[PDB]
Every structure is written in structure tokens, then in C-alpha cells.
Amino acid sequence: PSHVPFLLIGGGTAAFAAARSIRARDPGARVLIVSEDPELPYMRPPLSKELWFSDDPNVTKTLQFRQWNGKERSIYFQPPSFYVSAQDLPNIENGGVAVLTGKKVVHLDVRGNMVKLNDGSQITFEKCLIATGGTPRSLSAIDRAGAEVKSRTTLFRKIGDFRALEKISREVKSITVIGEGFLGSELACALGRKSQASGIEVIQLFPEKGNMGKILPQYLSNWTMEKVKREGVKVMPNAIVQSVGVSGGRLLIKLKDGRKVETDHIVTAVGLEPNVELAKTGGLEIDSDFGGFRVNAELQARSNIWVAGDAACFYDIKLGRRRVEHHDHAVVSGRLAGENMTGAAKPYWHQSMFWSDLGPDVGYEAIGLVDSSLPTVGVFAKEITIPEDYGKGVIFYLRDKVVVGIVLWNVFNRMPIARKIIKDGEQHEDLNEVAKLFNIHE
């Protein structure tokens, strides 16, 4: 591989999305992906959920799962057979898509329209997408302790990290998870379900007051916390860790609080650092407020260079500048980039979204500026709230008395409406009136 028309950087969700899009816009286009992950492109959400819930003892080899619709499919976006090899790519008639596993792009000659790989080799391109996502944070209290401790502490983002943990599930008494994040919460709840069978101890802790405390209003944060617990976790909020050593071949955690806890294995879901290493070498701007590559509303950075997924900080003409670490986003932005690389010139209009599930009694969808820092208004059946019990409802997020963000709590398929509301952006006088549009079944 020496020169390719369409180069995508990163073997991830956004990259695939873009590639499918490009191919549809110019059939017989020639798209090369470049993944440092030696794994072919695959979706992540199952790792935190579906794979765990599976009734199959081959699950962790097949990596198939069963869908919300009921049907069964693989986490790979495609079987190896759809893709082609790099050697074949410039030659195979009517184009194709190559993925090139386990090579990192390490330098970006923007002006030369070219890149150097970690193996020294060089590819010149016509249009390029950066889709490098991010890489999870380590905790600095883990960074400080020695490899007698990091031997039994993992991070979670890839299949490797899953299989490893799924195994560790069937090998210890106690697994301790840190973070109020979706990942921390989503995982704890995966293990609470193993706890019901394997009788294993599961503990989530985090220095904040409740689960998802950063995206949900503090009341709902709590309610949720309870639901997690019941799912089967010992949830310890306000856990500002001190340090971690060993106590007879068993990890021990001290905290300013003064309490302390023994366990076997740790997982840290404490955010994600976007992968921006290519910026310096390319002469590309970073958004210092939000992190990640700075791009415009069309996801463009420079004449031939676009950015997408968790790596991309973009102007949302509607909601303003932001950056989004979520699946559906990475798909949208990917698809979008792909259009714009084929001359679409479309800005980010169709909004993206996300979901989470924490035991069967918490499943929600959401969209736009979802942030507990902002003033919210929750509306349920049977900083303001209307109609003890919050099992089903909808929550609004406001800037200047306009709905900038919506959460649909245990309400499903009503996304299209939420979209229309966010989009119209009226200054709704009566939110109770709006809430009826989401047939809450009050």
C-alpha cells in the first residue's frame, strides 16, 4: 500500500461508518482503513452488556449476541469476507474497502498529503478521516503503586479487556469497580447478574454522590443508585481513594474517608482521553475547553482532513461547540464525514443520541445537551420536578429556557419527538404540556 484515494485512521466505529457511507456515495471507491488494533472493526456496547447477559458458554469465543429485536448477530461490523486486502485494493475493479490491522499512523504530513506508519512505510492520500477515538484514563492512585498492584488492575475498552475480565469473574471473591460513569455502572450491573449465579462479591465506588451523577439530576442519580444496588452491587459513594497496596495477596484500598476495603481485582472507568497524538505532528488545533481535534460544523479540519467519533470536537449549529463519546454519534459523524469527503458539504444537523441500561428497571434514551450541571425539569407518572417514585418519565435540560437536552426515562420509540423539540427550540411556557407528547402513560 503506497497511495490510496480515501484513507481512514482508526479501526473503529466511526471509521467503518464513514467507509460504508463513502462507498455508497461513490460506488467503486477505494477506501483504506488503518487500525493499530489488530482486531477488525467492531462495535463496543455489547462488551458492556449483551455479551454478559448471554446464555452460551461459547459466547466469549463466538462474540455473537442476541439483539433487542430478538435476532442474533456478531459484534464485528462485517465478516472478513466483505473487506479486501491492501494489495488487491488499487486493482480490484469497482473498488472495495481494506483494513490494515495492527499498524499505527504516527506522523501526519498534512501539506504533503501523506502519513508515516510505525513500520516506517508511507501512504499518500487524496482525502483523509481521523477516527482515532480515545484511550481510557488510568487512576493516578494506581499509577503511583507498583506492578504488584497493576498486575491485578485493568481498564476496559476492547475485546481483550472483556475476555480477561469475564475470566476473572469466575476466579475471585471480590471485584471492585471505580467510577460513576456509564461504564462503571454498566459493568457493575453486568456482574450483579453474575453475582446472582456465581455468588461473587461486586462493589462499585466513586467519589461522587450517586451513579451517573454528571448526566442525571441528583434525585434521579440516587434512585438509579438504588436500582443498581438491587441489581447486586455494594455501592459506596463519596469514596475519594487514598492509595492501593497488597494485604496478604489481596488488594487493599484506603480512603480519606478513613474506611478501607479488600478485594481481588480492580477496573477503572474514569473517563476517556481522546487520541490526539497526531495533532502536533500535523499542525492541527485542539479544542482546549472540550478536548479533541477542533473541527467545524462539517467535521472538517483542513482542506482534505476530517475528524469523527470520540476524537472530534465540532460546531453544532443548533447547540454550539461540543464533543461526543458515544456510539450512535460515532456512527452519525462517521457517515457524515464520508458524505463530506465525497463533496456533500453537509453540517451536523441530524442529531445523534445514546442509551444506557442498568438492570431491567433502568433503560433510557437521551439526546442533545444532557448535563446535570444545567437546570432540569423532570416529569413522571404516578432544578424542578412534577409527579417519591421516578420509574417512568422525561427530563428536560435548559439553556435560556430552551430545551437543549432531553432524557427519555423508561420511555421508548419516542425519540423522533424529542428530536423535533430540540430542533424547534421554542421557549416552551408549559413543560407539562410538552411532556404529554411523550405518551408517558401517566
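Note that residue numbering begins at 1 and tracks the sequence as displayed.
Asks: What size is the break between residue 382 and residue 383 in terms of deposited sequence residues left without coordinates: none, 1 to 3, 4 to 9, or 10 or more?
Replies: The entry leaves 10 or more residues without coordinates here.
Asks: Using none, 1 to 3, 4 to 9 or 10 or more, say how many deposited residues go missing between residue 387 and residue 388.
Replies: The entry leaves 10 or more residues without coordinates here.
Asks: Would you determine, from the values in the PDB entry, which of 238-246 and 307-315 has the greater average C-alpha temperature factor?
Replies: Here the higher of the two C-alpha B-factor means belongs to 238-246.
Asks: So 357-365 or 286-294, which one's hotter by mean CA B-factor in the entry?
Replies: Of 286-294 and 357-365, the stretch with the higher C-alpha B-factor average is 357-365.
Asks: Which listed residue, 173, 323, 103, 350, has the largest C-alpha temperature factor in the record?
Replies: The listed residue with the largest C-alpha B-factor is 173.
Asks: From 80, 343, 210, 90, which pick has the Cα B-factor that tops the rest in the entry?
Replies: So the option with the highest C-alpha B-factor is 210.
Asks: Tell me, lowest, middle or highest third: where does the Cα B factor of residue 23 rank within its chain?
Replies: It belongs to the middle third of the chain when residues are ordered by C-alpha B-factor.
Asks: Would you mind checking where the Cα B-factor of residue 431 ranks among the modelled residues of its chain, as the lowest, middle or highest third?
Replies: Residue 431: CA B-factor falls in the highest third of its chain.
Asks: Ordered by C-alpha B-factor within the chain, which third holds residue 123? Give me lowest, middle or highest, please.
Replies: It belongs to the middle third of the chain when residues are ordered by C-alpha B-factor.
Asks: State the tercile, meaning the lowest, middle or highest third, of residue 437 with respect to the CA B-factors recorded for its chain.
Replies: It falls in the middle third of the chain.
Asks: So where's residue 62 on the chain's Cα temperature factor ranking, which third?
Replies: CA B-factor rank for residue 62: middle third.
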